[PDB]
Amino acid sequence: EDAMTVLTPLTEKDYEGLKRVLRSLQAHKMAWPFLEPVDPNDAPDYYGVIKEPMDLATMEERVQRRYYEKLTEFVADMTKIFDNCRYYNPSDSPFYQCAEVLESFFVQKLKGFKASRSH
């Protein structure tokens, strides 16, 4: 529940489940802008505006290194991806439209992850 999301440390099973949320996100049609971090070669000024950059491969690495102790931390990193994108980009950007779609998809998958967890 909300009680678990905050209090319950991520169990090695939960870490299996988060790799599967993450893979389904890497598999979405509209995840392509976010699979890897923003090439500082190709967008030099981005890292001088975005304070907390994040991307899907960085998140997979933090999962592999069991870097998250609670699920709130995982959700917070994911949310950076979409918030940074909509902030940096004009709304007519294809990166923006992908953030809106894929965040909505992530919300669903997160409900699945929480419901499966309290069982």
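One rule holds for the numbers: they count along the sequence shown, beginning at 1. In this text, the rigid core denotes the largest set of C-alpha atoms whose superposition between the two forms falls within 1.5 Å.
Visitor: After fitting on the rigid core, pick out whichever of 7-15 or 101-109 shows the bigger RMS C-alpha deviation in 6 other deposited structures of this protein.
Guide: Greater root mean square C-alpha distance in 6 other deposited structures of this protein: 7-15.
Visitor: With the rigid core as the fit anchor, does 55-63 or 37-45 show bigger C-alpha shifts in 6 other deposited structures of this protein?
Guide: With the rigid core fitted, 37-45 is the stretch that strays more in 6 other deposited structures of this protein.
Visitor: In the PDB record, does 26-34 or 39-47 carry the higher mean Cα temperature factor?
Guide: Stretch with the greater average CA B-factor: 39-47.
Visitor: Using only the Cα atoms and their B-factors as the entry lists them, report which of 52-60 and 73-81 averages higher.
Guide: Going by the record's values, the stretch with the higher mean is 52-60.
Visitor: Please place residue 99 in the lowest, middle or highest third of its chain by C-alpha B factor as given in the entry.
Guide: According to the entry, residue 99 has a C-alpha B-factor in the chain's lowest third.
Visitor: According to the PDB entry, is the CA B factor of residue 21 in the bottom, middle or top third of its chain, that is, lowest, middle or highest?
Guide: Ranked within chain, residue 21 CA B lands in the middle tercile.
Visitor: Ordered by C-alpha B-factor within the chain, which third holds residue 107? Give me lowest, middle or highest, please.
Guide: Ranked within chain, residue 107 CA B lands in the middle tercile.
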